[PDB]
Every structure is written in C-alpha cells, then in structure tokens.
C-alpha cells in the first residue's frame, strides 16, 4: 500500500481546533479535488521528539490497510509546513461530547452506535490488529445513526503467529480504559480492546461522563482487583450493563472476543426494535 501525497496548494485550514488525537491537533479543512471542494479533518503534527513523525506515518499506514464501513478513511498525507494526516471529516464529532450536548438521544440509538463499533472491532480482531485507544472520544459520528472508529495512533498489526503486543515503553497511557493485563504486564490483545469497549459502553450509556471520576490509576487498579466495577448508568438496560460486566472479565483468557460481543449486541438490538 503506497503512501498517497496531497498538494498543500489544494488544502485550506481553519484556525479553530476540533481537538487533539494521540499524535496531533486536528483542524477542519477543505481539499480541492477537481471541481469539488471536499470537507476534511487534518491531523497536524506540531511535535513540541523525533520518533513522533514515525508514529504519525505508522498511524496513516494502519488506516490504509483497513477497509470497513465503521472505520475512518484516510485521504492522504500532506508534507508541508508540518506533517499532516488528511482524513474524512466526521461532521458530528466524538461520541462523548455529542452525548453531553444531546441528552435526548435514545437508548435504542446508543445500542445501534456501540453495535456499529463492535462490528468495526470484530473486523479489526479478524485482521490481527489491536486498537489500544478504544474510548468514546475516538468513536466519531458521521450522522446521528452512523459511528466510525478513529485514532489509530497506538494501534499495532500483530504478526500471524502472535496474539498480543508487548509494549516496550510505558508512555502516556489512557489507564482508565486499559485492562488489568495491560496495566500489570504491558500485554495488549484484541481481548484487551474488549475491556476498553466495556468502558466505551459505560461512557455512552452515561452520556459522556468521565469513567472513575477523580480516581488515581492506583485506586482504579485496587477497585478492579477486588471484583468491583463502575455502576450501572441511570436508564441503562440490564442486558447492556451485563455486557459491560462481561467485557470487564478480569482474566483475559475467560473474557469474550469481539465475535461474542457483536453477537450479544446484534441480538439485543433486534429485541429492542421488535418489542416496540
């Protein structure tokens, strides 16, 4: 898969930031393609670390190897005043911010969105990729009923003869989204992404509230070790809280993979639609 370079002269950027990803500040832009001016999201590597350039280009490369309706598509790379990763713009933005601003969104609509995420994740697992940053801030809404997975900055392609990535450097990690085996032994698998998916589901049903609010990483570790978990969000269906708890199975061997998770979501979604 060859890198696609874009022409800086055909790209216009707005100064208002959409937010930041693992390896860059993201701004809304416009890419002049033939006669159509296409709205885009541009991740700009400021780098206020020489390895950071390699991390952004690896993220672009991971995106180019993926092709799924629930995974953000990249348009190309632009090497100009900074290294830039140009991707398709998800107009409604991150799920957590969207739900904080739209408390009227139904439980049925949330189920549809997290089910779409589980489908993209099942595809990722089958392809031998680990996401390593699965959280509501990285689920982007194209429309109110169409979510896509984003930010592949920490993602890794596993070799066909391995089932986990061993981190060599303990960097700035989103510990509240990480499974115990990640925190304790630096081992990241698709099952570790399932744990993160459970936290994502809690964030979605809590309308973008922060998980484990005010707690230190050590307090979260202590809580999980003794078999305790975040509470059931107000109005969250029992089946969805039970699925969160299954994603939060402590022992990685006994935790379900995304095929089991997507099946439970698909079944519950069809029960919700068909009950009324």
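Numbering follows the first chain given and starts at 1.
The deposited sequence places 1 to 3 unmodelled residues between residue 48 and residue 49. Averaged over CA atoms, B-factors in the entry run higher in 69-77 than in the other of 199-207 and 69-77. The mean Cα B-factor in the deposited entry runs higher for 101-109 than for the other of 101-109 and 174-182.
The PDB entry gives the largest Cα B-factor of the residues 213, 238, 53, 229 to 53. Sorting the modelled residues of the chain by their CA temperature factor places residue 261 in the lowest third.
Ranked against the other modelled residues of its chain, the C-alpha B-factor of residue 116 as given in the entry falls in the lowest third.
Annotation for residue 169: CA B-factor lies in the highest third of the chain's modelled residues.
Remark: residue 136 belongs to the lowest third of its chain, ranked by C-alpha B-factor as recorded. Annotation for residue 33: CA B-factor lies in the highest third of the chain's modelled residues.
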